[PDB]
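What follows is the content of run_12.csv (CSV, C-alpha atoms).
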```
chain,number,residue,atom,x,y,z
Y,1,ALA,CA,11.2,40.1,-5.1
Y,2,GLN,CA,11.7,36.5,-6.1
Y,3,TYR,CA,8.7,35.6,-3.8
Y,4,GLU,CA,5.7,38.0,-3.8
Y,5,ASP,CA,2.1,38.2,-2.7
Y,6,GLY,CA,-0.1,37.1,-5.6
Y,7,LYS,CA,2.5,34.7,-7.1
Y,8,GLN,CA,3.7,31.9,-4.9
Y,9,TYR,CA,1.6,32.9,-1.8
Y,10,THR,CA,-1.0,35.3,-0.5
Y,11,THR,CA,-1.3,37.0,2.9
Y,12,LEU,CA,-4.4,36.6,5.0
Y,13,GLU,CA,-6.3,39.8,5.7
Y,14,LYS,CA,-7.0,38.5,9.3
Y,15,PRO,CA,-4.1,36.4,10.5
Y,16,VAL,CA,-5.0,33.5,12.9
Y,17,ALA,CA,-3.2,33.6,16.2
Y,18,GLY,CA,-2.3,30.3,17.9
Y,19,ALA,CA,-2.1,28.7,14.5
Y,20,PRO,CA,0.1,25.6,13.9
Y,21,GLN,CA,3.3,26.4,12.1
Y,22,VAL,CA,2.2,24.4,9.0
Y,23,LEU,CA,-1.5,23.6,8.6
Y,24,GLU,CA,-2.8,21.6,5.6
Y,25,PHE,CA,-6.4,21.2,4.6
Y,26,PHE,CA,-7.6,18.4,2.3
Y,27,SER,CA,-10.6,16.3,1.2
Y,28,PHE,CA,-10.7,12.7,0.2
Y,29,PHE,CA,-13.0,13.9,-2.6
Y,30,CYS,CA,-10.5,16.5,-3.8
Y,31,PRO,CA,-8.6,15.4,-7.0
Y,32,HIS,CA,-5.6,17.6,-6.5
Y,33,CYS,CA,-5.4,16.3,-2.9
Y,34,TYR,CA,-5.2,12.8,-4.3
Y,35,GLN,CA,-2.2,13.9,-6.4
Y,36,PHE,CA,-0.6,15.8,-3.5
Y,37,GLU,CA,-0.7,12.5,-1.6
Y,38,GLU,CA,0.0,9.7,-4.1
Y,39,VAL,CA,2.2,11.2,-6.8
Y,40,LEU,CA,3.7,14.5,-5.4
Y,41,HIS,CA,4.1,13.6,-1.7
Y,42,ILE,CA,3.8,17.3,-0.8
Y,43,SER,CA,3.7,16.8,3.0
Y,44,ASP,CA,6.8,14.6,3.0
Y,45,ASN,CA,8.8,17.0,0.8
Y,46,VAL,CA,7.8,20.0,2.8
Y,47,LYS,CA,8.8,18.3,6.0
Y,48,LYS,CA,12.2,17.4,4.5
Y,49,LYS,CA,12.8,21.1,3.8
Y,50,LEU,CA,11.8,22.3,7.3
Y,51,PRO,CA,13.8,22.2,10.5
Y,52,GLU,CA,13.5,19.0,12.6
Y,53,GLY,CA,10.6,19.0,15.0
Y,54,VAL,CA,8.4,21.6,13.2
Y,55,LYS,CA,4.7,20.9,13.8
Y,56,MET,CA,2.8,19.9,10.6
Y,57,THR,CA,-0.9,19.6,11.0
Y,58,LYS,CA,-3.4,18.1,8.5
Y,59,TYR,CA,-7.2,18.5,8.7
Y,60,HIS,CA,-10.1,17.2,6.6
Y,61,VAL,CA,-12.9,19.5,5.4
Y,62,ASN,CA,-16.7,19.1,5.2
Y,63,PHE,CA,-17.4,21.1,2.1
Y,64,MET,CA,-17.0,18.4,-0.5
Y,65,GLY,CA,-19.0,15.2,-0.8
Y,66,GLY,CA,-22.0,16.0,1.3
Y,67,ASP,CA,-22.9,13.5,3.9
Y,68,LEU,CA,-20.0,11.2,3.2
Y,69,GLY,CA,-17.7,14.2,3.3
Y,70,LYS,CA,-18.7,14.9,6.8
Y,71,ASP,CA,-18.3,11.2,7.7
Y,72,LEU,CA,-14.8,11.4,6.4
Y,73,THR,CA,-14.0,14.4,8.6
Y,74,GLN,CA,-15.0,12.3,11.6
Y,75,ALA,CA,-13.0,9.3,10.2
Y,76,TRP,CA,-10.0,11.6,9.9
Y,77,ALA,CA,-10.5,12.5,13.5
Y,78,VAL,CA,-10.5,8.8,14.4
Y,79,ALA,CA,-7.3,8.4,12.3
Y,80,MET,CA,-5.6,11.3,14.2
Y,81,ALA,CA,-6.8,10.0,17.6
Y,82,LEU,CA,-5.4,6.5,16.9
Y,83,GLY,CA,-2.4,7.7,15.1
Y,84,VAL,CA,-3.1,5.6,12.0
Y,85,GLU,CA,-3.1,8.4,9.4
Y,86,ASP,CA,-0.3,6.8,7.4
Y,87,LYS,CA,-2.2,3.4,7.2
Y,88,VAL,CA,-5.6,4.8,6.0
Y,89,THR,CA,-4.8,7.8,3.8
Y,90,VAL,CA,-4.1,5.9,0.6
Y,91,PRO,CA,-6.9,3.4,0.9
Y,92,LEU,CA,-9.4,6.2,1.7
Y,93,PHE,CA,-8.3,8.2,-1.4
Y,94,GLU,CA,-8.5,5.1,-3.6
Y,95,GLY,CA,-11.8,4.0,-2.2
Y,96,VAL,CA,-13.4,7.4,-2.9
Y,97,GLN,CA,-11.7,8.4,-6.2
Y,98,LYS,CA,-10.3,5.3,-7.8
Y,99,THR,CA,-12.4,2.2,-7.1
Y,100,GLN,CA,-15.4,4.1,-5.8
Y,101,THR,CA,-16.1,1.5,-3.2
Y,102,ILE,CA,-16.6,4.0,-0.3
Y,103,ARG,CA,-20.3,4.8,-0.4
Y,104,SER,CA,-21.2,4.7,3.3
Y,105,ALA,CA,-19.8,5.1,6.8
Y,106,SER,CA,-19.6,1.3,7.0
Y,107,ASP,CA,-17.3,1.3,3.9
Y,108,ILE,CA,-15.0,3.8,5.6
Y,109,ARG,CA,-14.9,1.5,8.7
Y,110,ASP,CA,-14.0,-1.4,6.5
Y,111,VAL,CA,-10.9,0.5,5.3
Y,112,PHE,CA,-9.8,0.8,9.0
Y,113,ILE,CA,-10.5,-2.9,9.7
Y,114,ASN,CA,-8.5,-3.9,6.6
Y,115,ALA,CA,-5.6,-1.7,7.8
Y,116,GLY,CA,-5.5,-3.5,11.2
Y,117,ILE,CA,-7.6,-1.3,13.5
Y,118,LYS,CA,-9.7,-3.6,15.6
Y,119,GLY,CA,-13.5,-3.1,15.1
Y,120,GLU,CA,-14.1,-2.6,18.8
Y,121,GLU,CA,-11.3,0.0,18.8
Y,122,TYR,CA,-12.6,1.9,15.7
Y,123,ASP,CA,-16.2,2.0,17.1
Y,124,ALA,CA,-15.1,3.2,20.5
Y,125,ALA,CA,-13.0,6.0,18.8
Y,126,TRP,CA,-15.8,6.9,16.4
Y,127,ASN,CA,-18.2,7.5,19.2
Y,128,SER,CA,-15.7,9.2,21.6
Y,129,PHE,CA,-15.9,12.7,22.8
Y,130,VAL,CA,-12.1,13.0,22.2
Y,131,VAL,CA,-13.0,12.5,18.5
Y,132,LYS,CA,-15.9,14.9,18.7
Y,133,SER,CA,-13.4,17.5,19.9
Y,134,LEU,CA,-11.1,16.7,17.0
Y,135,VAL,CA,-14.0,17.1,14.6
Y,136,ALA,CA,-14.7,20.5,16.2
Y,137,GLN,CA,-11.1,21.6,15.9
Y,138,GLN,CA,-11.0,20.7,12.2
Y,139,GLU,CA,-14.2,22.6,11.5
Y,140,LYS,CA,-13.1,25.7,13.5
Y,141,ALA,CA,-9.8,25.8,11.7
Y,142,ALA,CA,-11.5,25.9,8.3
Y,143,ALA,CA,-14.1,28.4,9.6
Y,144,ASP,CA,-11.4,30.8,10.7
Y,145,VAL,CA,-10.7,31.4,7.0
Y,146,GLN,CA,-14.1,30.4,5.6
Y,147,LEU,CA,-12.1,27.9,3.5
Y,148,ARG,CA,-13.7,27.0,0.3
Y,149,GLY,CA,-10.9,25.3,-1.7
Y,150,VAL,CA,-8.5,22.4,-1.1
Y,151,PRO,CA,-5.7,21.5,-1.0
Y,152,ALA,CA,-4.7,24.5,1.0
Y,153,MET,CA,-1.6,25.1,3.2
Y,154,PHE,CA,-1.2,27.9,5.7
Y,155,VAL,CA,2.1,28.9,7.3
Y,156,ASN,CA,1.9,30.5,10.8
Y,157,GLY,CA,-1.7,31.3,10.2
Y,158,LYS,CA,-0.6,34.3,8.1
Y,159,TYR,CA,0.5,33.0,4.6
Y,160,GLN,CA,-1.5,30.8,2.1
Y,161,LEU,CA,0.4,28.8,-0.5
Y,162,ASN,CA,-0.6,29.7,-4.0
Y,163,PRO,CA,0.2,26.7,-6.2
Y,164,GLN,CA,-1.7,28.1,-9.2
Y,165,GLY,CA,1.2,30.3,-10.1
Y,166,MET,CA,3.7,27.4,-10.2
Y,167,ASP,CA,5.1,25.7,-13.3
Y,168,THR,CA,3.6,22.3,-13.8
Y,169,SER,CA,5.6,20.9,-16.7
Y,170,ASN,CA,7.9,19.0,-14.3
Y,171,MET,CA,6.3,17.4,-11.3
Y,172,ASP,CA,9.6,17.4,-9.3
Y,173,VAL,CA,10.3,21.0,-10.0
Y,174,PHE,CA,6.7,21.9,-8.8
Y,175,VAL,CA,7.2,20.0,-5.6
Y,176,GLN,CA,10.6,21.7,-5.0
Y,177,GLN,CA,9.1,25.1,-5.6
Y,178,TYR,CA,6.2,24.4,-3.3
Y,179,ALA,CA,8.5,23.2,-0.5
Y,180,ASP,CA,11.0,26.0,-1.0
Y,181,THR,CA,8.2,28.5,-0.8
Y,182,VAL,CA,6.9,26.9,2.5
Y,183,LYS,CA,10.5,27.2,3.9
Y,184,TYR,CA,10.7,30.8,2.8
Y,185,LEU,CA,7.4,31.6,4.4
Y,186,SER,CA,8.3,29.8,7.6
Y,187,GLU,CA,11.4,32.1,7.9
Y,188,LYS,CA,9.4,35.3,7.4
```

Let me see the structure of the file written as structure tokens.
Amino acid sequence: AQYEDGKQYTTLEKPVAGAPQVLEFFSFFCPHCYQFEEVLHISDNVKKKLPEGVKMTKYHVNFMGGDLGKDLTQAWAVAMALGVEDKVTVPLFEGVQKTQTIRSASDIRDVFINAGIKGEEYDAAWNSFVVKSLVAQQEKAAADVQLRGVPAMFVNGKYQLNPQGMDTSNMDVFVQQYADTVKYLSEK
């Protein structure tokens, strides 16, 4: 087969029922996640190759960065609750990995204030039970596969993308192979 388990993807021993059609996991501490966002635009390119209206979900993980890593999972829940993911993803990546100006929960909050979220609105969201529930959903999704590496993408809770077996000499060909694989898996 042109696509095979062990090469472009692997199959989960215990499939997850009720899973989103496309589920991505990342960490703001994760260097490959940085590239997936800022230089490869993986999520955008996968969306372009999937039918209109397909649900793509993206969750943050706790297992990198200790205390701040957990704070960033809660900040990501705030971003999802307010619908401001596109405004804060790049400044959070750059604050953690480029300028190294994110050292505390207050520094995370500053990124949202700078992106135009009002302080009263961020603080209300941060402390909300809606956001606590979103934190729990992110943790449970990772726990379902005891996820220990990012970036990770799962299709229909059955197939895991395997980018390690993908040619990296050309960044655009890599993105195309990744997206075409997601499309193949979604049609399985």

Inset, instruction - Please provide as number ranges by chain all residues within 12 Å of segment 79-86 of chain Y, with the sequence filter that same-chain residues fewer than 6 positions apart are discarded (counting all atoms listed in the file). - result: Y: 37-38, 43-44, 57-60, 72-73, 92-93, 108-109, 111-113, 115-118, 121-135, 137-138

Legend entry - Polymer residues at most 8 Å from segment 178-180 of chain Y, all atoms listed in the file, same-chain spacing of 4 or more positions, as an MDAnalysis selection string: chainID Y and resid 42 45:46 49 161 163 166 174 184

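Here atom CA of residue 62 of chain Y is placed at a distance of 16.4 Å from atom CA of residue 153 of chain Y.
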
Inset, instruction - Enter the distance from atom CA of residue 183 of chain Y to atom CA of residue 63 of chain Y, in Å, rounded to one decimal. - result: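 Computing it gives 28.6 Å between the two atoms.
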
Legend entry - Computed interatomic separation between atom CA of residue 8 of chain Y and atom CA of residue 152 of chain Y (Å):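 Here the two named atoms are 12.7 Å from each other.
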
Inset, instruction - May I ask which of the residues Y:52, Y:61, Y:9, Y:35 is the closest one to residue 143 of chain Y, counting all atoms listed in the file? - result: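 Smallest distance to residue 143 of chain Y is found for Y:61.
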
For segment 136-162 of chain Y, supply N, CA, C and O atoms and format the output as a PDB file, in the coordinates of the input.
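Contents of the output file selection-v2.pdb:
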```pdb
ATOM      1  N   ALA Y 136     -14.512  19.107  15.935  1.00  0.00           N
ATOM      2  CA  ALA Y 136     -14.700  20.500  16.200  1.00  0.00           C
ATOM      3  C   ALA Y 136     -13.470  21.351  15.855  1.00  0.00           C
ATOM      4  O   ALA Y 136     -13.568  22.459  15.312  1.00  0.00           O
ATOM      5  N   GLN Y 137     -12.284  20.841  16.213  1.00  0.00           N
ATOM      6  CA  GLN Y 137     -11.100  21.600  15.900  1.00  0.00           C
ATOM      7  C   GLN Y 137     -10.857  21.696  14.405  1.00  0.00           C
ATOM      8  O   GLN Y 137     -10.455  22.757  13.924  1.00  0.00           O
ATOM      9  N   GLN Y 138     -11.101  20.618  13.649  1.00  0.00           N
ATOM     10  CA  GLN Y 138     -11.000  20.700  12.200  1.00  0.00           C
ATOM     11  C   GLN Y 138     -11.939  21.704  11.602  1.00  0.00           C
ATOM     12  O   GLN Y 138     -11.556  22.520  10.761  1.00  0.00           O
ATOM     13  N   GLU Y 139     -13.200  21.663  12.029  1.00  0.00           N
ATOM     14  CA  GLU Y 139     -14.200  22.600  11.500  1.00  0.00           C
ATOM     15  C   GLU Y 139     -13.830  24.049  11.869  1.00  0.00           C
ATOM     16  O   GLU Y 139     -13.992  24.960  11.045  1.00  0.00           O
ATOM     17  N   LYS Y 140     -13.403  24.287  13.106  1.00  0.00           N
ATOM     18  CA  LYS Y 140     -13.100  25.700  13.500  1.00  0.00           C
ATOM     19  C   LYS Y 140     -11.924  26.197  12.718  1.00  0.00           C
ATOM     20  O   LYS Y 140     -11.935  27.361  12.298  1.00  0.00           O
ATOM     21  N   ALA Y 141     -10.908  25.364  12.474  1.00  0.00           N
ATOM     22  CA  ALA Y 141      -9.800  25.800  11.700  1.00  0.00           C
ATOM     23  C   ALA Y 141     -10.179  26.262  10.294  1.00  0.00           C
ATOM     24  O   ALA Y 141      -9.718  27.293   9.795  1.00  0.00           O
ATOM     25  N   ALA Y 142     -11.043  25.488   9.638  1.00  0.00           N
ATOM     26  CA  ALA Y 142     -11.500  25.900   8.300  1.00  0.00           C
ATOM     27  C   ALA Y 142     -12.363  27.122   8.374  1.00  0.00           C
ATOM     28  O   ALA Y 142     -12.276  27.996   7.499  1.00  0.00           O
ATOM     29  N   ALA Y 143     -13.191  27.222   9.420  1.00  0.00           N
ATOM     30  CA  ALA Y 143     -14.100  28.400   9.600  1.00  0.00           C
ATOM     31  C   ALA Y 143     -13.364  29.654   9.776  1.00  0.00           C
ATOM     32  O   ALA Y 143     -13.853  30.718   9.359  1.00  0.00           O
ATOM     33  N   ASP Y 144     -12.211  29.598  10.451  1.00  0.00           N
ATOM     34  CA  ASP Y 144     -11.400  30.800  10.700  1.00  0.00           C
ATOM     35  C   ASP Y 144     -11.017  31.497   9.391  1.00  0.00           C
ATOM     36  O   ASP Y 144     -10.693  32.685   9.436  1.00  0.00           O
ATOM     37  N   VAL Y 145     -10.967  30.790   8.255  1.00  0.00           N
ATOM     38  CA  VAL Y 145     -10.700  31.400   7.000  1.00  0.00           C
ATOM     39  C   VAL Y 145     -11.775  31.203   5.954  1.00  0.00           C
ATOM     40  O   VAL Y 145     -11.544  31.360   4.738  1.00  0.00           O
ATOM     41  N   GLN Y 146     -12.960  30.792   6.427  1.00  0.00           N
ATOM     42  CA  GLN Y 146     -14.100  30.400   5.600  1.00  0.00           C
ATOM     43  C   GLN Y 146     -13.569  29.630   4.347  1.00  0.00           C
ATOM     44  O   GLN Y 146     -13.872  29.978   3.204  1.00  0.00           O
ATOM     45  N   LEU Y 147     -12.733  28.629   4.601  1.00  0.00           N
ATOM     46  CA  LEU Y 147     -12.100  27.900   3.500  1.00  0.00           C
ATOM     47  C   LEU Y 147     -13.071  27.323   2.552  1.00  0.00           C
ATOM     48  O   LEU Y 147     -14.061  26.704   2.947  1.00  0.00           O
ATOM     49  N   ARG Y 148     -12.819  27.529   1.258  1.00  0.00           N
ATOM     50  CA  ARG Y 148     -13.700  27.000   0.300  1.00  0.00           C
ATOM     51  C   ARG Y 148     -12.963  26.273  -0.871  1.00  0.00           C
ATOM     52  O   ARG Y 148     -13.582  25.905  -1.875  1.00  0.00           O
ATOM     53  N   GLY Y 149     -11.649  26.074  -0.729  1.00  0.00           N
ATOM     54  CA  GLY Y 149     -10.900  25.300  -1.700  1.00  0.00           C
ATOM     55  C   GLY Y 149      -9.805  24.507  -1.027  1.00  0.00           C
ATOM     56  O   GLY Y 149      -9.180  24.964  -0.056  1.00  0.00           O
ATOM     57  N   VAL Y 150      -9.560  23.317  -1.563  1.00  0.00           N
ATOM     58  CA  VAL Y 150      -8.500  22.400  -1.100  1.00  0.00           C
ATOM     59  C   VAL Y 150      -7.765  21.929  -2.363  1.00  0.00           C
ATOM     60  O   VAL Y 150      -8.332  21.933  -3.468  1.00  0.00           O
ATOM     61  N   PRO Y 151      -6.507  21.490  -2.226  1.00  0.00           N
ATOM     62  CA  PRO Y 151      -5.700  21.500  -1.000  1.00  0.00           C
ATOM     63  C   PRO Y 151      -5.225  22.872  -0.672  1.00  0.00           C
ATOM     64  O   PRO Y 151      -5.048  23.694  -1.564  1.00  0.00           O
ATOM     65  N   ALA Y 152      -5.037  23.151   0.608  1.00  0.00           N
ATOM     66  CA  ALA Y 152      -4.700  24.500   1.000  1.00  0.00           C
ATOM     67  C   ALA Y 152      -3.614  24.314   2.124  1.00  0.00           C
ATOM     68  O   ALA Y 152      -3.723  23.406   2.951  1.00  0.00           O
ATOM     69  N   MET Y 153      -2.597  25.157   2.108  1.00  0.00           N
ATOM     70  CA  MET Y 153      -1.600  25.100   3.200  1.00  0.00           C
ATOM     71  C   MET Y 153      -1.373  26.551   3.648  1.00  0.00           C
ATOM     72  O   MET Y 153      -1.253  27.482   2.838  1.00  0.00           O
ATOM     73  N   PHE Y 154      -1.320  26.678   4.971  1.00  0.00           N
ATOM     74  CA  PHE Y 154      -1.200  27.900   5.700  1.00  0.00           C
ATOM     75  C   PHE Y 154       0.035  27.835   6.563  1.00  0.00           C
ATOM     76  O   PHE Y 154       0.229  26.817   7.239  1.00  0.00           O
ATOM     77  N   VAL Y 155       0.866  28.868   6.538  1.00  0.00           N
ATOM     78  CA  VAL Y 155       2.100  28.900   7.300  1.00  0.00           C
ATOM     79  C   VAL Y 155       1.895  29.990   8.404  1.00  0.00           C
ATOM     80  O   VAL Y 155       1.619  31.155   8.091  1.00  0.00           O
ATOM     81  N   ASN Y 156       2.027  29.580   9.667  1.00  0.00           N
ATOM     82  CA  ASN Y 156       1.900  30.500  10.800  1.00  0.00           C
ATOM     83  C   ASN Y 156       0.601  31.283  10.800  1.00  0.00           C
ATOM     84  O   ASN Y 156       0.553  32.426  11.261  1.00  0.00           O
ATOM     85  N   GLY Y 157      -0.460  30.690  10.276  1.00  0.00           N
ATOM     86  CA  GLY Y 157      -1.700  31.300  10.200  1.00  0.00           C
ATOM     87  C   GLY Y 157      -1.743  32.699   9.546  1.00  0.00           C
ATOM     88  O   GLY Y 157      -2.680  33.477   9.744  1.00  0.00           O
ATOM     89  N   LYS Y 158      -0.700  32.996   8.752  1.00  0.00           N
ATOM     90  CA  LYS Y 158      -0.600  34.300   8.100  1.00  0.00           C
ATOM     91  C   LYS Y 158      -0.450  34.172   6.556  1.00  0.00           C
ATOM     92  O   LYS Y 158      -0.929  35.069   5.860  1.00  0.00           O
ATOM     93  N   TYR Y 159       0.190  33.129   6.024  1.00  0.00           N
ATOM     94  CA  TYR Y 159       0.500  33.000   4.600  1.00  0.00           C
ATOM     95  C   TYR Y 159      -0.188  31.787   4.009  1.00  0.00           C
ATOM     96  O   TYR Y 159      -0.060  30.701   4.571  1.00  0.00           O
ATOM     97  N   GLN Y 160      -0.849  31.946   2.866  1.00  0.00           N
ATOM     98  CA  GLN Y 160      -1.500  30.800   2.100  1.00  0.00           C
ATOM     99  C   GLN Y 160      -0.650  30.534   0.901  1.00  0.00           C
ATOM    100  O   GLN Y 160      -0.346  31.434   0.110  1.00  0.00           O
ATOM    101  N   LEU Y 161      -0.271  29.268   0.738  1.00  0.00           N
ATOM    102  CA  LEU Y 161       0.400  28.800  -0.500  1.00  0.00           C
ATOM    103  C   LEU Y 161      -0.436  29.075  -1.681  1.00  0.00           C
ATOM    104  O   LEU Y 161      -1.646  28.865  -1.626  1.00  0.00           O
ATOM    105  N   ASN Y 162       0.171  29.472  -2.802  1.00  0.00           N
ATOM    106  CA  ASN Y 162      -0.600  29.700  -4.000  1.00  0.00           C
ATOM    107  C   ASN Y 162       0.030  28.827  -5.150  1.00  0.00           C
ATOM    108  O   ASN Y 162       0.822  29.315  -5.969  1.00  0.00           O
TER     109      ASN Y 162
END
```
